[PDB]
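Participant: sequence and experimental coordinates follow.
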Amino acid sequence: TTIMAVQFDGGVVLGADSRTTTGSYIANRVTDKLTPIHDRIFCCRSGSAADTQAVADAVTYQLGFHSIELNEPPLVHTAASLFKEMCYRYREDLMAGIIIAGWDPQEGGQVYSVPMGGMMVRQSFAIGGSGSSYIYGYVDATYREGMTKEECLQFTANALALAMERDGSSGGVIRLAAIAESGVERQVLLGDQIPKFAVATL
Amino acid sequence: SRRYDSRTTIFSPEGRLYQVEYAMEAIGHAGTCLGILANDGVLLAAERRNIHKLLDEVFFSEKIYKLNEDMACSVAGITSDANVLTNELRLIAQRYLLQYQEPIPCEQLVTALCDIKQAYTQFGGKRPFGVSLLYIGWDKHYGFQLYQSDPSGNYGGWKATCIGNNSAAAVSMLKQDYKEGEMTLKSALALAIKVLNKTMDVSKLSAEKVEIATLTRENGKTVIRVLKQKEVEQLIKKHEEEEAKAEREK
Amino acid sequence: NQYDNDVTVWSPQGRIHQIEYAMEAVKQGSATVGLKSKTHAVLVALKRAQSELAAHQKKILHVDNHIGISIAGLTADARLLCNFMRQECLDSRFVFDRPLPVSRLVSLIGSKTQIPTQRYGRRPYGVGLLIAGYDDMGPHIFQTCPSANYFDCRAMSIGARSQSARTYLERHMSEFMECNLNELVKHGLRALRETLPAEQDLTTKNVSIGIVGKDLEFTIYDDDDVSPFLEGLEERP
Amino acid sequence: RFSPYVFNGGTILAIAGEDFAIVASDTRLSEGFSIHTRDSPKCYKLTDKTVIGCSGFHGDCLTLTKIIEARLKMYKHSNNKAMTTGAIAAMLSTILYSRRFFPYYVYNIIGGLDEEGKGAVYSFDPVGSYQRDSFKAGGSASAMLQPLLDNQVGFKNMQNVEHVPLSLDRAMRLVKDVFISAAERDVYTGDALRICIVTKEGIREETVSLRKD
Amino acid sequence: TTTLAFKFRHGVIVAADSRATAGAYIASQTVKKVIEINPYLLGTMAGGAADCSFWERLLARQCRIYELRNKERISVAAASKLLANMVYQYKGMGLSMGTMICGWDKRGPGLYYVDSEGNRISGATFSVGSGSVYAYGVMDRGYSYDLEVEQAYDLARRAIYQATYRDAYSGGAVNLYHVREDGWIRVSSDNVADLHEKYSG
Amino acid sequence: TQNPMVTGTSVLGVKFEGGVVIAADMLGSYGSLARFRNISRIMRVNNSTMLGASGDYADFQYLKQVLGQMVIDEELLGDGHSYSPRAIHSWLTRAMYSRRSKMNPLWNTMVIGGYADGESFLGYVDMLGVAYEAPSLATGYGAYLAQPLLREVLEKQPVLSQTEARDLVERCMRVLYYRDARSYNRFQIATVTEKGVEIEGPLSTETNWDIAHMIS
Amino acid sequence: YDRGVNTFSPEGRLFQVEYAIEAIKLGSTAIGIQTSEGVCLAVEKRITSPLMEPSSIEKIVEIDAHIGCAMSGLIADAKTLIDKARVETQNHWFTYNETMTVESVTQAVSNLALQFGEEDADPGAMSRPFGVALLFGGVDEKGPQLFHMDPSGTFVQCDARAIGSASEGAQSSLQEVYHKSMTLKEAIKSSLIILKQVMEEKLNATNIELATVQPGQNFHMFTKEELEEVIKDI
Amino acid sequence: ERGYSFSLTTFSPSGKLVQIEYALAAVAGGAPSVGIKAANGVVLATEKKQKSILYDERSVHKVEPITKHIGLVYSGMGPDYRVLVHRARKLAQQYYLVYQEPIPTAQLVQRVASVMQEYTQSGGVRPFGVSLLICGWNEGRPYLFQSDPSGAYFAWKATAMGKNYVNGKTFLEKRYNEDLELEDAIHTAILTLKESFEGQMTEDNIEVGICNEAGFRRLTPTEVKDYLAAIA
Amino acid sequence: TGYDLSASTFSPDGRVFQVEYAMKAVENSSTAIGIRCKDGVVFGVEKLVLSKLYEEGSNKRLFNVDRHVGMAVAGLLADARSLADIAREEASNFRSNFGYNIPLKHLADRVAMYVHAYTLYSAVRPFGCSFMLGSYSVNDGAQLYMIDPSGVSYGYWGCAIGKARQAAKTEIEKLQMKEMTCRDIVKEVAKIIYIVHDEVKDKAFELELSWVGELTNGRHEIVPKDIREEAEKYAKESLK
């Protein structure tokens, strides 16, 4: 699968591909790769499916308990740090890459990346997955700072469509989710709605 | 915790051990158990106290259990201690059977139980198992053989012994009316009926008040048979007939 | 009563009788007066013996090349805590390759001695330590009471009959700092002298010192090598 | 795969005189094909009568040196006296065998003076076998140094040659010459030398330039 | 590496070469390959020099404890069994040690062998090392239970000389030990070159 | 750590009068892929000690977190003392050696610069736990590219001014950018002096490609 | 019961340790004298009946070839500490290729002393303090040495000390007859005469155990013939 | 957490576990309960007297099942009953896991008795203050077991724990038949419950479980009040 | 007896007399006051001078448990040091597990839970110390939580612990501390602590004063010396 997240002024837009393959056969052709840790925090998971599921569930547990203890909603940096600790403590057998994005009142829309290894750093745009390699040029040539919600959504959709139609490990449909003060709203792009690009037929 | 400890695993100023003394006294007012040896078998007579008509009484025996293939036991005192002790004895007997591919000798199993009971009295801070055990069985080395153990961890080998109320009277009756080396199963059974009638004279001999068990060696096989209610009635009738005959001859 | 037979009990007056017994034992220990200057810190202890035949057991322990202690109370507990502190000092020299500062050593031993005040069936270490050390922040003198509470002090006197030494230290504390090494050790020796009554004498054969300086590693001096320090000493006041 | 060991180079030599001990070592720290620094003496003075030469994997060298320092301090506090050369040798052998299943990839030479005012040089191995010899060289160029030490100091395989016990000047000149020779053919040594002279007067440190290559 | 030992009427003789090699390189030519466990007990080192030395020293400590506790000199058989158990508990752990221990006890002279493999064997004659296969020839062809002290000495010296000459991992000098009722005596320590010149002429 | 998954390239550092200067690129490479290009591979221990790191980046993050926490503990002690750069170097050495001894090492090579008590310190530690101090230090490929030039110029001038050290480090970063695949045109440089620690944000190097027309 | 094992007194000391000292004075009488030519240890056997073998009644034990020890009190409890001291001395020898110093042996014995409790350490530990006073006589690099090990852990280096049933008074008399320049023969003669004077019963070779450590010779225990030879002059 | 290693239960000079007698006294002071056997099943009945109607008597349950074929009721302390029934459920599940067959009621009661004995002979713990009436069906047979706080157990055709328990036992003995049906068992149980309810029983105040060849199942208030109406 | 021997038992009424004795042991100690204002939280603790041979700043009752959290204590000072060590350990754990400094509310809640945890078993005894923690945050402001030896943590506009705690509270009520300025509140703390100090009861005395707040860049610190003499002079003048 391929996962892509970009922050806009006041919130974040996240997207994921819906392909999981146990080799050349697709284990799940509509798989969900963006999981809500909190009402304003999402994690884009990639790599080992079992590792991603276990890490996401354990983080949901611990962060929910921690937020209940604080009586306040958590922060994106806090969640990303807890993912970082979880991945670093188990980098030997937990093999996964998680993009942690969302909004908090104190910092706003923020995105972090914790690839395999257990390291945390914030990025304006974050890319992960097996198909992540094919879209660095497109995101570098298309993304400019100061984007809005709708154009971040469109740019993420275009980049993920390119990744999924150029990567054999990514395909199916694309799940987009915008998180901000208004809340979380999620849609799926399927078939015709996915941005298809010109093909060099000769 | 110094003030509030019960310190049941320490000595006494006069050298005795109050916990084992109290256990023996409680066993003394507990149910009646009797074990006897015959030239062709060994017999057990156990007395059940709680005899309410509400009992389902479906069990084959209440205070008499089967430790292993060739050895039976009779318990005296706390029946829950009795259950945990009995299944521990079965576990270790089967452990010996696994380890040596040979039925566990009765002396071996009694020694192991006395070891664990003595250690449990020695330390652990817990009240000792206030249950007396009377083991019968057959082995390659001594055949028919029966032991009486104590909560203090001491055991002894006997030809016949009884525990419960009127223990001194019962052992006196055995010493008076037991024919060493010449005790057949029938005469042993009659002596057991006599003891059951006398050592508990209150609530005179009743069929449902006691349970009777036998252990014999047929064709190289140890057979443990629990005498049925009709059998116990036959014992009662035989005892009444023999007592009447003795009194008439008197 | 029942407020003095255990450590985890609370007296109605708000005190721990075991801690009181430990702080009585530290006073019942032998006399030890420690003090410091602007550059050097010296401990002076009088070594008690069970009889005239005994050789006046050492009370000053070498815990590190820059830090030293003197004990007053339970010798076995004192030795255990001395081993624990020297293990910390060697651990610091092994890890950070630096002498472990006196203040942190005293804080660590205080934290160590706090746990017995809470643990069930656990007794306080009935010995008080006078710690003389030198580090980057100059000489430091600490008194760790068996009460698990440490006091930073310019000059402390511990043991029986210590009130006279305490008065001497309070009187001359204004001038302890600026005097040189021989004057400092003489002041400490005179405080220990005033600790004892007039008829007894500050004989060289039963007094020992432990001194650490700016360039001087913590060294202990005994009967023969405290004789130059016991020169020109005034008679008992 | 991770390799817990690497050979950092370095050469240690020692000669035990009748009244003195000399322990010398280059200050070249190496790694594969790159030289790190021109100053890292392999000689470490424990007391005024004992110095240690440790060569090989530098991490094990440093950790073992600090372990020896810590054990020296603990023994000093326990016994209220410094350690003898033989005691240090036995302690270091025990420490080496304490890591039998994770061997210290270090060569150790114990150069010092005993109570009789006599030089004593103790050779070791990565595991902890030790002995006392009049002179021993270890490390990268042990093979390039032992025969010359045997022929000169021990006067081995010589005819019509009386055996003069070596003096301090002879030992110093010989060790300087042997490292001059070693720095040429061996690539792991050169560019400097630190020499520790252990005598009743104390420990004297002398630095000498070698083939700077 | 070459050690040999054999018992006879007047005690036991142990001989050993004094060459220790680190691969194809002679590390030292003065190794005391014979370890003095006690003034009455002897060991050797063959294979891992450090492992042999450490285990012999630990056996010395254990037997000193046993002697202090039981007011008796430790039996050679008891020491052999203790060392065999101590080494065997770490079998298959990379240990490469092998040594024969001899002495005089309540049962007269006694020689036992132990190794890193836990093989504890008694016997009259033994030899372990690189050249021990060679020392077997000379020792077995010249051994007699009724040899005099000098005959035992020069038989052991000749066997070590032959082993050192034919083998390449054995050399330096021979160390000779005679174990009798009271204890051990260092018979001699002779250079192999002097031995060769004496045997040739 | 079994294998380094994202790796930052070499770190360079020299010492001048009354201070030291360290530099490292801001790129975290996932093998042959440069995923991160603005991260900081230099961590500030305190106002007197600073660290530059190569190798794996997650282990560097963990090490930075631990070092910052223990410096916070030292500050909370409030004893009027401060960990010397020598102490920091020793503690990193000991942690690295313990980490390898458990056969789970840290794929990082660290250069520890510092300035305390009028002494400029420049320590070197690696994954395998080797520790030493030198006037010039360089990790990774910098040990083969810059460290030779560093050592040559330092042998020529035993002591060089702060601006000379900065120019030398800039030239060395230029050379690494030319002849290292894991480098980046923008790098982060920092100085530790008596005033404290200063990280001069993102900085770039000048590139000359006049030889590209010489091919024929 | 009620009172714990870690309970002090109102004046600030362990009454359990006071009871241990009382048991020390309940122990057998022992005497140790250190001189410049060695150290001597002696003890009264307190033979209960002639049927008891004098061989098994020995209060003097060898810690090493250069160290002897005299025990008074719970002789059964002293042998465990003696075994620990011997194994520690042999560990020190195994580690440093030298004989362990007597002072370090005494310090380690003190380390083992006063290490007990109910719930303070591993359950397989001591519950009560050692109730044995010890006299460590020995010869090492510091010449002949003698150490009084108190069960309190307050180890002492003393030239001469008498412990046991007749500890006090006899110790003062020994001090009065003791000098700082006495030979080994004078030391053994003085110790023997003081022990004979303080004997509660008529003593002979079967009532006392004597041992010595010399600067040259190892730790040697006086057999019956030499015991009679040295006691006939007294 | 340290944990006392000395058993709070100790043998009195007469050997009587007076602590266990006090536990049985607490059982008697607790809410009463009855159990009865039929020729083809077992019926357990008990009363749940809460406070004024502010308590939602429907929300809480007193009769509890262990398996599909085993149920039980208690007389005594609810806090002890909850942990005891939870442990019995674990034991039954473990036995089913090991042997892939339903727990026999006798073996389950033996395990509960072993647990009670461990509690009574261990340190730092209070004996359970409940008496369990356990109904079970296996091998086409009914089983009803009395288990006491002392740790012992019995197979009782009828039983009554709690207040007036001896009179309840006598009343059961008088109104017990050897070959009665389940309907007769329910009639007898409800008759005993109303004879010893003390306060005008209600379908909510009576909760009953039945165990037969079809399994164990708790009667809902509809058929509960139906049977109370049929019994009067 | 029986109802006051351990913290694991109730009184026949259901009281904890061991905790009451801990309250007594914290009341009889020296005074310690903490005032939070809109732009800072200050602590002024009273130091008993056993002898003039002691150093100023010895046996501090002010601990710095986090980068931005202080701790003013009263009661057993060794117990206070142990509790400060536990608090800084908890802060370190939170920083490691969440990547940012712990908030004061959760810090105080966790420390109070820890304190209460050692008031349940006979194997331990309740802490003989009460302590006030003050911190500052950009999004939270100045915060101050007082914690009892029982294990109860509450937010306090201004609290006092010790002998004259109630007098210090009552006279400082005239101050509207919830919207005051930290600098002048330091001087007012010096005032209140001087009046509530009993010179006759304790002839020798010393003051340890500190604040944390926005003026500190959100990091706990001690008062600078010059402000210390100025506040001391103001307190001397207010003594009248």
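Facilitator: Structure's in. What do you need? Numbering: from 1, shown residues only, chains lettered A, B, ... in the order given.
Participant: for the closest residue to residue F:196 other than its chain neighbours, helix, strand, or coil?
Facilitator: Excluding the flanking residues, the one nearest residue F:196 by Cβ to Cβ, 6 or more residues apart in numbering or on different chains is residue F:47, at 4.2 Å. For the C-beta atoms, the positions are set from N, CA and C on the backbone; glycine is no exception. What DSSP: H, G, I helix; E, B strand; the rest coil gives for residue F:47 is coil.
Participant: residue G:120 now?
Facilitator: coil.
Participant: for it, list the residues it contacts.
Facilitator: Contacts for residue G:120 (Cβ atoms under 8 Å, 6 or more residues apart in numbering or on different chains) come out as C:119, C:121-122, G:6.
Participant: so how far is residue C:122 from it?
Facilitator: Distance, residue G:120 to residue C:122, using Cβ to Cβ, to the nearest Å: 6 Å.
Participant: now for these two: what residues contact both?
Facilitator: Common neighbours of residue G:120 and residue C:122 (Cβ under 8 Å, 6+ apart) are residue G:6.
Participant: can you tell me the residue of chain G closest to chain F?
Facilitator: Distances between chain G and chain F by Cβ to the nearest Cβ are smallest at residue G:95, namely 22.4 Å.
Participant: chain D too?
Facilitator: For chain D, Cβ to the nearest Cβ, closest residue to chain F: residue D:59, 3.4 Å.
Participant: and the longest strand anywhere in chain G, is it in reach of chain D?
Facilitator: Longest strand of chain G, by residue count under DSSP state E: strand G:132-140. No: judged by Cβ under 8 Å from any Cβ of the partner chain, strand G:132-140 stays clear of chain D, getting no closer than 10.1 Å.
Participant: can you dump the C-alpha atoms of that strand in CSV for me?
Facilitator: Extracted C-alpha coordinates of strand G:132-140, given in CSV (Å, rounded to 0.1, in the frame of the first residue of the first chain):
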residue,chain,number,x,y,z
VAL,G,132,30.6,-16.2,68.9
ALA,G,133,33.5,-14.0,69.9
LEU,G,134,36.6,-14.8,67.8
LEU,G,135,40.4,-14.3,68.2
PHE,G,136,42.2,-14.2,64.8
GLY,G,137,45.9,-14.9,65.4
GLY,G,138,48.1,-14.8,62.3
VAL,G,139,51.3,-13.8,60.6
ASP,G,140,51.4,-11.7,57.4
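Participant: how about the helices in chain C?
Facilitator: Using DSSP state H, the helices of chain C run over C:17-28, C:75-95, C:102-118, C:163-176, C:181-195.
Participant: picking that back up, look up how far residue F:126 lies from the residue of chain D closest to chain F.
Facilitator: The gap separating residue D:59 from residue F:126 is 8 Å, by Cβ to Cβ.
Participant: shared neighbours of the two, anything?
Facilitator: Counting by Cβ under 8 Å, 6+ apart, the residues touching both residue D:59 and residue F:126 are residue F:96.
Participant: wait, doesn't residue F:91 sit right on residue C:95?
Facilitator: Yes: applying Cβ atoms under 8 Å, one finds residue F:91 in contact with residue C:95, separated by 5.7 Å.
Participant: those two: which has the busier surroundings?
Facilitator: residue F:91 (20 against 17; other Cβ atoms under 10 Å in any protein chain shown).
Participant: element containing that one?
Facilitator: In this assignment (DSSP states H and E), residue F:91 forms part of helix F:85-101.
Participant: helix or strand next in line after that helix, which one?
Facilitator: Downstream of helix F:85-101, the next assigned helix or strand under DSSP H and E is strand F:110-116.
Participant: quick one: that following strand to helix F:85-101, angle?
Facilitator: Here strand F:110-116 runs at 160 degrees with respect to helix F:85-101, directions being taken by axes from the mean of the first three to the mean of the last three Cα atoms, to 10 degrees.
Participant: quick check: the residue of chain A nearest chain G.
Facilitator: With Cβ to the nearest Cβ, the shortest gap between chain A and chain G falls at residue A:89, namely 31.1 Å.
Participant: could you find the closest non-adjacent residue to that residue?
Facilitator: Setting aside the residues directly before and after it, residue A:89 is nearest to residue A:118 in space (Cβ to Cβ, 6+ apart), at 7.2 Å.
Participant: state the distance from the one you found to chain H.
Facilitator: For residue A:118, the distance to chain H (Cβ to the nearest Cβ, to the nearest Å) stands at 34 Å.
Participant: and for residue D:18, the neighbour number?
Facilitator: So residue D:18, with other Cβ under 10 Å, has 11 neighbours.
Participant: now do the phi/psi pair for the nearest residue to it once chain neighbours are set aside.
Facilitator: Nearest residue to residue D:18, sequence neighbours excluded (Cβ to Cβ, 6+ apart): residue D:165, at 5.0 Å. The phi/psi pair for residue D:165 (degrees, to the nearest 10) reads phi -60, psi 140.
Participant: around residue D:165, how many other residues sit close by?
Facilitator: Neighbours of residue D:165 under the rule other Cβ under 10 Å: 10.
Participant: same thing with residue I:223?
Facilitator: 20.
Participant: can you list the residues of chain C near chain B?
Facilitator: By Cβ under 8 Å from any Cβ, the residues of chain C that approach chain B are C:2, C:5-6, C:120.
Participant: closest to chain F among the residues you listed?
Facilitator: For the residues of chain C next to chain B, the residue nearest chain F by Cβ to the nearest Cβ is residue C:120; the value is 29.6 Å.
Participant: specify the beta-bridge partners of the residue most central in space within chain A.
Facilitator: Nearest to the geometric centre of chain A sits residue A:44, at 3.1 Å (Cα atoms, centre = their mean). Going by DSSP bridges, residue A:44 is paired in beta bridges with residue A:34, residue A:99.
Participant: thinking it is in contact with residue A:36, fair?
Facilitator: No: using Cβ under 8 Å as the test, residue A:44 is too far from residue A:36 to be in contact (11.2 Å).
Participant: so where do the strands sit in the chain?
Facilitator: All of this refers to chain A. Per DSSP E, chain A carries strands over the ranges A:2-8, A:11-17, A:20-21, A:26-28, A:34-38, A:41-47, A:96-104, A:108-114, A:121-122, A:125-129, A:174-180, A:183-189.
Participant: oops, chain F please
Facilitator: Assigned by DSSP E, the strands in chain F fall at F:7-8, F:11-16, F:19-25, F:28-30, F:33-36, F:42-44, F:49-53, F:55-56, F:110-116, F:119-125, F:131-133, F:136-138, F:186-193, F:196-204.
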